[PDB]
Amino acid sequence: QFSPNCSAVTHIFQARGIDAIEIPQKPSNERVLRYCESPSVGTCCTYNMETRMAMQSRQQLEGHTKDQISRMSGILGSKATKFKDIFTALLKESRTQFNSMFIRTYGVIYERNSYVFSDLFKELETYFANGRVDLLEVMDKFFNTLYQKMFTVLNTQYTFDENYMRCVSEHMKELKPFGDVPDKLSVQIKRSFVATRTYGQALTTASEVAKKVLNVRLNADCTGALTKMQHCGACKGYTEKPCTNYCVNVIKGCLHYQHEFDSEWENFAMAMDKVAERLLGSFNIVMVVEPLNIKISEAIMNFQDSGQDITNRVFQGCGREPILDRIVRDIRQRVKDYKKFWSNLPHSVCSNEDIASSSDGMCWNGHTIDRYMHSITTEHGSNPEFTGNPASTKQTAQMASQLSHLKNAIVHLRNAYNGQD
Ligand SMILES: *[C@@H]1O[C@H](CO)[C@@H](O)[C@H](O)[C@H]1NC(C)=O
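Regarding how it was determined, this PDB entry cites X-ray crystallography in its header, along with a resolution of 2.21 Å.

Trainee: Describe the site of the ligand, with residues and values.
Mentor: Near the ligand, the surroundings consist of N5, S7 and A8. A distance of 2.4 Å separates an oxygen atom of the ligand from a polar atom in the side chain of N5. In this structure, an oxygen atom belonging to the ligand sits 3.4 Å away from a main-chain N or O atom of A8. About the coverage of the ligand: the protein hides 27% of its 360 Å² of free accessible area.

Trainee: Which residues make up the packing of helix α2 (residues 47-106) against helix α15 (residues 341-349), and what values go with them?
Mentor: Packing of α2 against α15 brings their axes to within 11 Å, and their N-to-C directions diverge by 140°. On the basis of their axis angle, the class for α2 and α15 is oblique. You can see that α2 and α15 cross each other, and the crossing is right-handed. Along its contact with α2, which presents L61, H64, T65, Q68, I69 and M72, the element α15 presents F341, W342, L345, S348 and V349. For the contact of α2 with α15, the residue count by class is seven nonpolar, four polar and no charged.

Trainee: Explain the pattern of salt bridges to me, and be specific about the residues and the numbers.
Mentor: Considering all chains together, one arrives at 15 salt bridges under this definition. Its salt-bridge partner being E277, residue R278 comes within 4.0 Å of it at the nearest N-O pair. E277 sits in the partly exposed class, given a relative accessible area of 43%. What emerges from the salt-bridge pattern is a single network uniting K79, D330 and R334.

Trainee: Report on the packing of aromatic side chains, specifying residues and quantitative values.
Mentor: A complete count under the given rule lists 24 aromatic pairs for this structure. Geometrically, the ring pair formed by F83 and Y199 is edge-to-face, given 5.5 Å between the ring centres and 65° between the ring planes. One end of the pair, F83, is in helix α2; the other, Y199, is in helix α7 (residues 181-212), and 116 residues separate them in sequence. Judged by its relative accessible area of 0%, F83 is buried. With a centroid separation of 6.3 Å and an interplanar angle of 10°, the aromatic rings of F160 and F315 are classed as stacked. Of the two residues, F160 sits in the loop between α5 (135-154) and α6 (165-172) while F315 sits in helix α13 (residues 292-318), which places them 155 residues apart along the sequence. Taken together, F98, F102, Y106, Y110, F117, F121, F142 and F143 form an aromatic cluster joined through their ring pairs. Looking at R197, its charged tip hangs above the ring of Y127, at a distance of 5.9 Å from the centre. Over the ring of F283 we find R278, and its NZ or CZ is 5.4 Å from the ring centre.

Trainee: Account for the nonpolar core, with residues named and values stated.
Mentor: Membership of the largest hydrophobic core comes to 113 residues, with the highest contact counts inside it found for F13, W265 and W342. No other element matches the twelve residues that α7 contributes to this core. Those residues within four positions of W342 in sequence are excluded, and the remaining contacts are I69, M72, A210, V213, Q258, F261, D262 and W265.

Thresholds applied
- Residues numbered from 1 in each chain as written, not as in the entry; some residues may be left out.
- Heavy atoms only, no water.
- Near = heavy atom within 4 Å.
- Polar contact = N/O pair within 3.5 Å; in protein donor to acceptor, adjacent residues only side chain to side chain.
- Areas by Shrake-Rupley, 256 points an atom, 1.4 Å probe, with all protein chains shown as cover.
- Axes fitted to C-alpha atoms, helices over the stretch in contact; angles between N-to-C directions.
- Helix = DSSP H or I, 4+ residues; strand = E, 2+ residues; numbered from the N terminus.
- Parallel < 35°, antiparallel > 145°, perpendicular 65-115°, else oblique.
- Left-handed = near helix turned anticlockwise from the far one by under 90°.
- Contact = heavy atoms within 4.5 Å.
- Nonpolar A, V, L, I, M, F, W, Y, C, P; charged D, E, K, R; others polar.
- Salt bridge = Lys/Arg side-chain N within 4 Å of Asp/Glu carboxyl O.
- Buried < 20%, exposed > 50% of the residue type's maximum accessible area, 1.4 Å probe, protein only.
- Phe/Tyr/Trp six-rings, centres within 6.5 Å; stacked < 30°, edge-to-face > 60°.
- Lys NZ or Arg CZ within 6 Å of the ring centre and 35° of its normal.
- Core = buried A, V, L, I, M, F, W, Y, C linked by side-chain atoms within 4.5 Å.

So this is what it looks like as structure tokens:
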């Protein structure tokens, strides 16, 4: 082509931290630049100027992504902690209100068997804490104990002080003294606790795996493409900003190790929104305790119609909005905000003061001040600004465990949404 105009870009180099002593007044005829082009017509940059601007671009990109990722990780992590603390306190406050409510209502006959209810609450609190509880198993044993006690006081005419009660326990497993009320209540409680715990646990893991992405350093191939995009325009005497799509393609390649992680992050956000829909609707733990007295009345009505029938079959064979909804809505909206977080990073990087790429028109496309031919790439394993795969084997190996944990939480969210187990 023709010799570049180094006088038009002398202020740009000084703005990048390069002292005026290092800045060549006339184009340099040496051809030793690693990232910019060194044509026969010369260049306005030296090897030391290129190295300074190279490490500057890598630190600006790593700084911008570190601030974005850690702030998202911190917010989601603290909201998960607030969610768990609210439900944990709501659980303990319920055990007391439930005990006080039934003692004033049913009296000593409840307080005599209050241990059956406190043991159930203890299992429920333990499940939400560590998840090592079979909820349906605990619920079935809960009603089985109620089935046994309801059989003794019905037959106050007889004496059942014997430990032949195992036959009653074994026979009450297949019988339905209260109708379908215990089974319907056991499933709705199990679904609610699984969805509630998984919602907070998946949000915590997403915050943890997001924080671990900070451990992945940019590779040498990223440094080359980054400097050609952001700084090498001034080395040809050009003052225009890089083209937007050109900048986006470069940052996408620098951050290409996040490709799979970005797509699964969207799956995580969609599964979180489904569970949040359940928690605000059918699976809401308030929806199973608000109509609790009518469920008891139906159980008693079913026990008065089937009591004489079951006591004979046993002898045969024996002888204005809740704060829980507020934190769920808060998490749901913020997870909705961070849905496209990873694919938006290249667009976020290309919009700051450090790069400030031009949306055009006249912009630096890597070679000249002309139109950028390529479009924003969406491929997995290629990029127009990179020779081979922009993601190195070392980067994807660091992302492997974070990808596996994120996918693991998506399976639990989907299972919790359907409620099957
Ligand atoms: C080179 O840049 C200087 C600095 O603005 C300017 O004065 C001069 O006219 C430019 N030369 C050409 C040929 O455009």
